[PDB]
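As structure tokens, the structure follows; a few thoughts come after it.
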Amino acid sequence: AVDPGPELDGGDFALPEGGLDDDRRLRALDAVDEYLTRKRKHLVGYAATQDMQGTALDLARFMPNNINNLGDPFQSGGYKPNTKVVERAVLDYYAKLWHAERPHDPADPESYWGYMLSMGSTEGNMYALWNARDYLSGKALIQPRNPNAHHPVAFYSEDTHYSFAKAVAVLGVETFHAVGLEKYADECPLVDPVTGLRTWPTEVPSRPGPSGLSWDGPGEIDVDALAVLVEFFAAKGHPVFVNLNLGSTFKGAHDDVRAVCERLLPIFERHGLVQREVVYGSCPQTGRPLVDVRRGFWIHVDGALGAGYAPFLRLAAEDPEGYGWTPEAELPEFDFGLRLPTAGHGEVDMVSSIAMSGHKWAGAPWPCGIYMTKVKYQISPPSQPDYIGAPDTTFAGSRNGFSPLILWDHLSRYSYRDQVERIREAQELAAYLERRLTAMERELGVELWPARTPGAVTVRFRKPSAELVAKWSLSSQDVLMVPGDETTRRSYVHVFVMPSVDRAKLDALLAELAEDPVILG
Amino acid sequence: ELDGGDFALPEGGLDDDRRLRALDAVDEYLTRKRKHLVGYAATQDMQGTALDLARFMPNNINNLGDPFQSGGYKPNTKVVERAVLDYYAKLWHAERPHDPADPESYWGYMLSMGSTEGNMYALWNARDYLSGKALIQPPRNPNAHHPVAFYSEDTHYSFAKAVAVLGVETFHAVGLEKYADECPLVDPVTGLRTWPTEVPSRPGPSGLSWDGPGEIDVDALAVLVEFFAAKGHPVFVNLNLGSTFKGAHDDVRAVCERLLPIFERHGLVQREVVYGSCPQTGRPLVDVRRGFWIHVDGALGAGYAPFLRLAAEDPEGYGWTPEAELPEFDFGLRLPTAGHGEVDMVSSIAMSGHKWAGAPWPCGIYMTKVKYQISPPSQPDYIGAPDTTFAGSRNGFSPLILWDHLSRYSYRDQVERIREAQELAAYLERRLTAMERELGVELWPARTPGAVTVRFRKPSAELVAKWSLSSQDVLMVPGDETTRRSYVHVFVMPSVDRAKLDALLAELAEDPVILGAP
Ligand SMILES: *[C@H](N[C@@H](CCSC)C(=O)OC)c1c(COP(=O)(O)O)cnc(C)c1O
Ligand SMILES: *[C@H](N[C@@H](CCSC)C(=O)OC)c1c(COP(=O)(O)O)cnc(C)c1O
């Protein structure tokens, strides 16, 4: 029944051979602004902070510059209009926040290395899986018999973002499902809870909900299931890549990164994956191959969303009196500071890489973010281009040097305490939304199927009318309540409570939901 | 330079005074550098852009999903993105509108990185298309599924990267692995049949490629492509349209004319491809595809080459005859088959928006045809649009940047932009040789005919850093480190005018490395 307002008309934007005069140009740009302004003020269905007035005022001045952070962030290079000094400051801030070792130092293998992304976290996850594929397969690093030793196998939950399926295909990294079907067809160690057959699942199971199946579960990886699957492949001699979701796309779940690491480390130690000799190439002689020592596992944290707020929630959890807030749910230790003891290898720093999107929690006018790892994992670049004056250590070639300014400006405006307040208000407002949806069910006698994983900044509920979805940019997901059976489909939407989503905005949405024709029935 | 101390981000934040001081320091640095940058292919003037588009800075714009599909993230500029894509589709003689039911119609999208993304996407798309992975759903030979990649020694480093990312095998790798003693080319330095690492570029006065024009040697390419095509391999060829260091244009028309008969001889125009078996039986399912893919890396040159070719076709109408011929390169390039049919030769093009047009961050275009589209890696509900692109979230500000640029200029204005740059590149070359004679020094100036860049001897570090001159070392005899020469180049972009070049030249004439030249 509500009005999402008119879309843009392509006729206004057609670019003729002769160009457009100033009046037609301004009319078009005004139409874009009127559209974008209406939509941004009502967007509540995606993990995208929408308020950036301060940014715009501070940084509009930089638009006349063709900024390019071409090459590694830790060398200027020949393209002098670059913001690498700013990029390093932003990377340093997140390195501290994620308990990485600073400063970056190419002679310190344990120190951080990372760079700012020109796409979103899609670039960071692609880079992670490239870096891990090469590291685990034995390609040469920047610093100097088992048939499966150079055949890595990827593991991640059913709540993992579609970017991984893409990245897996781009990079030719094999999932445990693919390798299971190919080489180990009848040896799946898990029993399917629907069919009772030992069929290889397509992703690692996520935890079950009230249904006994994952569709209504919290969206967290099932650690038991993961450990069974990892043991299976590690015992066969495969190196192991694990992606863990810190703020999953639809449910905002946090995989229990510490629990996963505690479970898997003994498996890694049992199967010789903590420290192992790796043959990297060869050359003609009496002998042949070169050799170095590497770990045989790689744990990546997809923190596209959650790496931006989780450190601040955990700060409050550590000092609840000081911040005046005890978070409702525990968020798992997930970062470069996570270190575990072993039987005979000393303490092991468990996480190899993290990705974060800057346009999610912080907010930006275009996609950006961070990939971070450690110097000891850096792969030799694919080539040595003279013409950029800095090593080609990154996924992108030319790199966005405006995004460093965006994030620097954001981070400079807020103290740690202010950042804690932002995640507090969002957590409290997500809880409020869930409370209001169940109250609506009782007031109106309607089913909304509301759900919210404890500690998540998103709430899911029954999809309303198409018009309401379009007004508020609600993101949609269908689930089959019993996998395989198309008659059990439910359509959900979700709301992401970002720092730009306040009580008034949620109350306005709720007032419209209460009068929506699909909701009423 | 900028001092990192001014930029460190404390736990407690920075106050408004420290914040403004830092941002002022950045602006002062960037402003000084941008006004003197002449060494990279990056248009530096965008005052109009800034005035028109700063207003959009408050929006978290996201063009998530396919440009031609509705999606749930409503603060998007896909209507604008499609207008930009339509403009370049026309400019590159693609078929419009995009229509998923028309195999011949264009498909493309705007890049969130630069052309690195477009070249990566091209090679991904070609790898899957040539290997037999499943195509997008509309509304014997042991080498058949092993594509081999070919490109010249002047190809940008993004290809070496993309090859490694995507696991695409170059002719050099396949040659060493499978055909170690069968290289059909003789090395001009050693006289041995050693597989070269890239397809040779054309020789210069030296007899070697270092002082050549930077264009692919079409003969050498044809010999190499025939070799692998006769073995049953499908073929990926990348052609440079405005190469990175020399600004050369591979002769795409000549390449296509040379290669088509080779493709016909070895059954690569129409090739039965097995893309798995049916869900019931192990019956190899098959459709018909071409067995070659020609990609044009027009990072730079796809932005200006159409306009120069416009003038070449009507020189009295535009008041300009370009001195150099630029090759036909685009989606309109169609050649006759042996049977007097026609074949559209080019499969894809990439362009960077931050090169010829100018942008405040990297952006660009990848374009192909609907008939080449691969089935998406998965089908996510939560964007509401197919995942058909390299990026996930996508930059929806870049469409505004390029739309604003393109809306400001007529075809005639765009012709004038490339005219002026061509004429100024020729002027710069004239001035450098005049300087050699006046000062009695060797500057090694070189300009490939039709290029917007001129190379010369590397001057002092100070001058290099002031004018952001890009540097390249060459070995004048490959493998001999004693023959190293250090060059720089100047790119004459639309924001490079005569005054700027004359100011550079005045400094070069008093430069200590130039004057101290042995
Ligand atoms: C990002 N997920 C959302 C992107 C739009 S909201 C700013 C999404 O897919 O919702 C439909 C995301 C990615 C990919 O990051 P990009 O920045 O889009 O490239 C990866 N991993 C997770 C967990 C995400 O949420
Ligand atoms: C881009 N080449 C230059 C990028 C800096 S100038 C804006 C370069 O390498 O500088 C010396 C280029 C690419 C890659 O495009 P990106 O936009 O950098 O990702 C690919 N192909 C060619 C021919 C290029 O020139």
Side-chain angles (χ1 to χ4, degrees), chain A residues 43 45-49 66 68 70-71 77-79 117-126 159-164 167 243 245-250 252 302-306 355-360 363-364 367-369 385-389 392 396-399 475-477 494 496 498, chain B residues 37 39-43 60 62 64-65 71-73 111-120 154-159 238 240-245 247 297-301 350-355 358-359 362-364 380-385 387 391-394 470-472 489 491 493:
Chain A
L43 180 141
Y46 289 84
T49 296
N66 188 334
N68 195 332
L70 188 66
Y79 194 106
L117 306 174
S118 300
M119 312 192 295
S121 285
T122 297
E123 182 182 349
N125 291 336
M126 285 180 175
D159 285 78
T160 298
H161 184 263
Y162 74 83
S163 75
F164 267 82
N243 165 74
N245 307 129
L246 191 76
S248 71
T249 303
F250 201 69
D302 186 353
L305 170 59
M356 188 196 73
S357 294
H359 55 113
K360 291 189 163 165
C368 62
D386 279 4
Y387 38 78
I388 75 155
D392 173 28
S398 292
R399 309 196 291 108
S475 184
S476 296
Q477 197 178 253
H494 73 15
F496 259 107
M498 309 305 287
Chain B
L37 179 146
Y40 289 82
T43 294
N60 192 333
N62 197 330
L64 186 62
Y73 194 107
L111 309 173
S112 300
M113 313 194 300
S115 285
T116 298
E117 183 180 351
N119 290 337
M120 283 179 179
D154 287 78
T155 300
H156 183 265
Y157 74 84
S158 61
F159 271 90
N238 166 73
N240 308 130
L241 187 79
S243 69
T244 305
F245 203 67
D297 185 354
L300 171 59
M351 187 196 73
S352 296
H354 52 117
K355 292 187 161 166
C363 63
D381 281 296
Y382 43 85
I383 95 180
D387 174 35
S393 293
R394 306 194 298 105
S470 181
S471 297
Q472 174 157 281
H489 71 18
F491 259 105
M493 310 303 285

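The figures that follow rest on heavy atoms only: side chains count, while hydrogens, waters and symmetry mates do not. Within every chain, numbering begins at 1; the chains are lettered A, B, ... in the order of the sequence lines, protein sequences first and strands thereafter. We count ligands from 1, going down the list as the structure has it; atoms in each ligand are counted the same way.
- Summarising the geometry, atom CG belonging to A:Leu70 is positioned 5.0 Å from atom CG belonging to A:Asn68; distances are rounded to the nearest 0.5 Å.
- Annotation for A:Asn66 and A:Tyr79: closest pair O-OH, 2.6 Å, computed over non-hydrogen atoms.
- Take A:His161 and apply the ring pair (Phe, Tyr, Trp, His ring centres under 6.0 Å) test, not counting sequence neighbours, and it matches B:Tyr382.
- Scored by the side chain to side chain donor-acceptor pair (under 3.5 Å) test, A:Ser248 finds no partners at all (sequence neighbours excluded).
- Minimum heavy-atom separation, A:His359 to B:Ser393: CE1-OG, 3.1 Å.
- Checked against side chain to side chain donor-acceptor pair (under 3.5 Å), A:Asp159 has the following partners two or more places apart in sequence or in another chain: A:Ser206.
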Tabulated below should be the N or O atoms of ligand 2 paired with protein N or O atoms at under 3.5 Å; can you produce that?
from: ligand 2; atom 1: 2 (N); to: B:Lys355; atom 2: NZ; distance (Å): 2.1
from: ligand 2; atom 1: 9 (O); to: B:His156; atom 2: NE2; distance (Å): 2.9
from: ligand 2; atom 1: 17 (O); to: A:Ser398; atom 2: OG; distance (Å): 3.4
from: ligand 2; atom 1: 17 (O); to: B:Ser115; atom 2: N; distance (Å): 3.1
from: ligand 2; atom 1: 17 (O); to: B:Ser352; atom 2: OG; distance (Å): 3.2
from: ligand 2; atom 1: 17 (O); to: B:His354; atom 2: NE2; distance (Å): 2.9
from: ligand 2; atom 1: 18 (O); to: A:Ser398; atom 2: N; distance (Å): 2.9
from: ligand 2; atom 1: 18 (O); to: A:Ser398; atom 2: OG; distance (Å): 2.6
from: ligand 2; atom 1: 19 (O); to: B:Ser115; atom 2: N; distance (Å): 3.3
from: ligand 2; atom 1: 19 (O); to: B:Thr116; atom 2: N; distance (Å): 2.8
from: ligand 2; atom 1: 19 (O); to: B:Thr116; atom 2: OG1; distance (Å): 2.6
from: ligand 2; atom 1: 21 (N); to: B:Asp297; atom 2: OD1; distance (Å): 3.2
from: ligand 2; atom 1: 21 (N); to: B:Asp297; atom 2: OD2; distance (Å): 2.6
from: ligand 2; atom 1: 25 (O); to: B:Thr244; atom 2: OG1; distance (Å): 3.0
from: ligand 2; atom 1: 25 (O); to: B:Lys355; atom 2: NZ; distance (Å): 2.6

